[PDB]
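[1] Build me a model:
(2 chains)
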Protein chains: 2
Amino acid sequence: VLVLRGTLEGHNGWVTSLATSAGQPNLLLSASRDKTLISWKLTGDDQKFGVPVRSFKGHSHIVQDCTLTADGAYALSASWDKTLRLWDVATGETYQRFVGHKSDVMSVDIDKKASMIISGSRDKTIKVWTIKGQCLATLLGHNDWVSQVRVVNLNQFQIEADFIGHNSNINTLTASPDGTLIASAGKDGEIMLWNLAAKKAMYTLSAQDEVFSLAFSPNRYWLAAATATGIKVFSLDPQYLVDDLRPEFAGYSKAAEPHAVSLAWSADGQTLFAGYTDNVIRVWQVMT
Amino acid sequence: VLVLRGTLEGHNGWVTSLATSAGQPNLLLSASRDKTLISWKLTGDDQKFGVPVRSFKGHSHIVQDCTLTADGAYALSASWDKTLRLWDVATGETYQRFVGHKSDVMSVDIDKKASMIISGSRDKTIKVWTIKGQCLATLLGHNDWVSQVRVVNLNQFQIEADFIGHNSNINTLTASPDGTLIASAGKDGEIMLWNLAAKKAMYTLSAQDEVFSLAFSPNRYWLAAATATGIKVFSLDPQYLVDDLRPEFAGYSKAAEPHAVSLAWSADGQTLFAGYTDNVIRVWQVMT
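    Residues are numbered from 1 along each chain as shown, chains lettered A, B, ... in the order given. Sure, structure below:
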């Protein structure tokens, strides 16, 4: 029961990624093919749901993914300039850029205690980092496989990657908040799921249309998935489909509607953000 | 209280590595800079402690390390031809060679259930393998670090590397049988220890002389270490030194005695094997 609360209109390229922290529910973050991130301050509202608070103009190329620390203090960008900048949300100053990859960076991650960085490049190259910008890991999986890479100044540390694969799995992933469950996009909306603990494949889903981003709800037991069709939201138990957030694109072709490309749940699984192929973030709310 | 039981006299280059399986205590395995492994059948004895049972003549270059399955069925070689052969101990037929590395392979490993292979190259490149010869992992650490890479036809699997490092740590490692503890050779016999579970560095040892191989006893609570000085055997609790197996090299210089380069404990921590810089395996026994 998601309802379209409004549209943050900021970027000049696809909103490629959304970020939201449990720290500051006050705040949203977005990357875009405009080489910039934008901090958003959200304010209770009908119109003007959220507001442009700050831009971060560092990368020479597309930012492909962003994410905030657990407190919301620091923002993190992954880019097609193959850089990873770290920013102070409050200032927009980069802290130390990660220089490792030779291929378009494509994801980013931080351990819960905010000391370790898990980059994911386009060539499926993983990399792990000290917050300083020192590269330690450069783990590289076999293309026919997906790879969830967790952790748990230090001179001591411990990592653990998980490896499930399928010849089709098109490198579009995400894991449960408690990282117990993970889903991966094959093609044609085949959404292979998987249970981490149970060490075996729970039953695949079907979006029947090309997928673009997956996003478990922290609160609900829902997966959410972008699509050229629009944003499908599944429940898992029962395994029914909760919604197809399909905007009424005001006079696009039936078939040329801009689509979502990035999802994000409010800190509290009561609000859903989506960047689109029209430089816009649409917002929905689970309503009573 | 180790005593020199005898000398297996087989190879034509350094015995670079020893292998022994819980499966067949009947059996010992050795690699050498002679491009060969040798299965040994051990028979109760004074003279002729062990016997040349079979040679395996595959690699084009030095085998750097060997090891047997837990049952003793299959032998595994890591080589400076950058190959990893898998053999049938009983025949000497290679099964499927691992073709991955570009640098001298230097270690080898199998998960307890004999399905997964953890190669370790000289450039500190790790690699993980299907018993078939398919490469999945190619994890690469930062030279100033050491890396213990564990696991736990499959389309599902899970790995977990641990990373401790030190600018000096000279890439000469081994872990407790129950992989709870690991030691690493710095230079000048600095034997940095570490507790895996306890996530912190227990107190380093000192061999005071260049180290060559480490080897926990399955049975005892001893670490064993090669040296240009000879093979030092520590206990840990108490942290006293149990022995310096220093052969009476019959008329080498004081300072040009051939030294050990590879260690191995009998299945039952009651016998210790050592390959040497003289193409010979010396054997000691903890005696009553």
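
[2] Tell me the spacing between the closest residue to chain B within chain A and residue A:238.
    Going by C-beta to the nearest C-beta, chain B is nearest to residue A:160 of chain A, at 3.4 Å. Quick note: C-beta positions are derived from backbone N, CA and C, even for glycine. Residue A:160 is 32 Å from residue A:238, where distance means C-beta to C-beta, to the nearest Å.

[3] Who has more neighbours out of those two?
    residue A:160 (16 against 6; other C-beta atoms under 10 Å in any protein chain shown).

[4] Who are the contact partners of that one?
    Counting by C-beta atoms under 8 Å, 6 or more residues apart in numbering or on different chains, residue A:160 makes contact with A:149, A:150, A:151, A:152, B:158, B:159, B:160, B:161.

[5] What is the neighbour count of the fourth one?
    For residue A:152, the number of neighbouring residues by other C-beta under 10 Å comes to 13.

[6] Chain B contacts on chain A?
    Within chain A, the positions near chain B by C-beta under 8 Å from any C-beta of the partner chain are A:134-142, A:145, A:155-166, A:199-201.

[7] hmm, try it at 7 Å
    A:135-142, A:145, A:155-165, A:199-200 (C-beta under 7 Å from any C-beta of the partner chain).

[8] Kindly provide the distance from the nearest residue to residue A:9 once chain neighbours are set aside to residue A:64.
    Take residue A:9 and drop its neighbours on the chain: the residue closest to it by C-beta to C-beta, 6 or more residues apart in numbering or on different chains is residue A:280, 5.4 Å away. Note on residue A:280: its distance to residue A:64, by C-beta to C-beta, is 18 Å.

[9] what do you get for residue A:185?
    Residue A:185 sits 16 Å away from residue A:64, going by C-beta to C-beta.

[10] Ok, residue A:237 next?
    Noted for residue A:237: a distance of 32 Å to residue A:64, by C-beta to C-beta.

[11] Settle it for me: which of the two has more neighbours?
    Under the criterion of other C-beta under 10 Å, the comparison of residue A:237 against residue A:64 puts residue A:64 first, with 24 against 6.

[12] what's in contact with the strand or helix carrying the more buried one?
    Assessed by DSSP states H and E, residue A:64 sits inside strand A:63-68. For strand A:63-68, contacts defined as C-beta atoms under 7 Å, 6 or more residues apart in numbering or on different chains pick out A:16-17, A:19, A:21, A:29-32, A:35-37, A:74-80, A:104-109.

[13] can you rerun that using 8 Å?
    Under C-beta under 8 Å, 6+ apart, the answer for strand A:63-68 is A:16-21, A:23, A:27, A:29-33, A:35-37, A:74-80, A:89, A:104-110.

[14] list the buried ones in the lengthiest strand in chain A?
    Using DSSP state E, we find that the single longest strand of chain A is strand A:156-165. Going by neighbour count (16 or more other C-beta atoms under 10 Å in any protein chain shown), the buried part of strand A:156-165 is A:157, A:159, A:160, A:161, A:162, A:163, A:164, A:165.

[15] Then stretch A:229-241?
    For stretch A:229-241, by 16+ other C-beta under 10 Å, it's A:229, A:230, A:231, A:232, A:233, A:234, A:236.

[16] Could you do stretch A:81-98 as well?
    For stretch A:81-98, by 16+ other C-beta under 10 Å, it's A:81, A:82, A:83, A:84, A:85, A:86, A:87, A:89, A:92, A:94, A:97, A:98.

[17] Please identify which pair of the residues you listed lies farthest apart.
    Between any two of these, the greatest separation by C-beta to C-beta is 23.0 Å, found for A:82 and A:89.

[18] coming back round to it: sort out for me which of the buried residues of stretch A:229-241 are in strands.
    Checking those against DSSP E, those in strands are A:231, A:232, A:233, A:234.

[19] Around the residue lying closest to the first one once chain neighbours are set aside, count how many other residues there are.
    Right, the one you point to is residue A:231. Excluding the flanking residues, the one nearest residue A:231 by C-beta to C-beta, 6+ apart is residue A:245, at 4.1 Å. Number of residues near residue A:245 (other C-beta under 10 Å) recorded here: 20.

[20] Residue A:283 is in contact with residue A:245, correct?
    No. Using C-beta atoms under 8 Å, residue A:245 makes no contact with residue A:283, being 10.2 Å away.

[21] which neighbours do the two share?
    Shared contacts of residue A:245 and residue A:283 (C-beta under 8 Å, 6+ apart): A:4, A:272, A:274.

[22] can you list those residues in TSV and add neighbour count and secondary structure?
    What follows is the shared contacts of residue A:245 and residue A:283, written out as TSV (neighbours: other C-beta atoms under 10 Å in any protein chain shown; DSSP: H, G, I helix; E, B strand; the rest coil):
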residue	neighbour count	secondary structure
A:4	14	strand
A:272	27	strand
A:274	27	strand
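
[23] Same question for the spatially closest residue to residue A:186 that is not a sequence neighbour, what's its three-state structure.
    In this structure, residue A:186 finds its nearest non-sequential neighbour in residue A:168, 4.2 Å apart by C-beta to C-beta, 6+ apart. Assigned by DSSP: H, G, I helix; E, B strand; the rest coil, the conformation of residue A:168 is coil.

[24] so what's residue A:168 up against?
    Per C-beta under 8 Å, 6+ apart, neighbours of residue A:168: A:186, A:187, A:190.

[25] count of residues packed around the residue nearest to residue A:9?
    Neighbour tally, residue A:280, other C-beta under 10 Å: 18.

[26] Quick check: beta-bridge partners of the residue lying closest to residue A:31 once chain neighbours are set aside?
    Distance criterion C-beta to C-beta, 6+ apart; nearest residue to residue A:31, sequence neighbours excluded, is residue A:63 at 3.6 Å. Residue A:63 forms beta bridges with residue A:79, as assigned by DSSP bridges.

[27] Relative to residue A:284, how far out is residue A:63?
    23 Å.

[28] quick one, which of the two is more surrounded?
    residue A:63 (30 against 22).

[29] Quickly find the element holding residue A:261.
    strand A:260-265.

[30] Walk me through which strands that strand pairs with, and which way each runs.
    Checking strand A:260-265 against DSSP bridges gives partners strand A:271-276 (antiparallel).

[31] Now do the strand it pairs with: distance to the chain's middle.
    Its chain's average C-alpha position is 10 Å from that of strand A:271-276, according to C-alpha atoms, centre = their mean, to the nearest Å.
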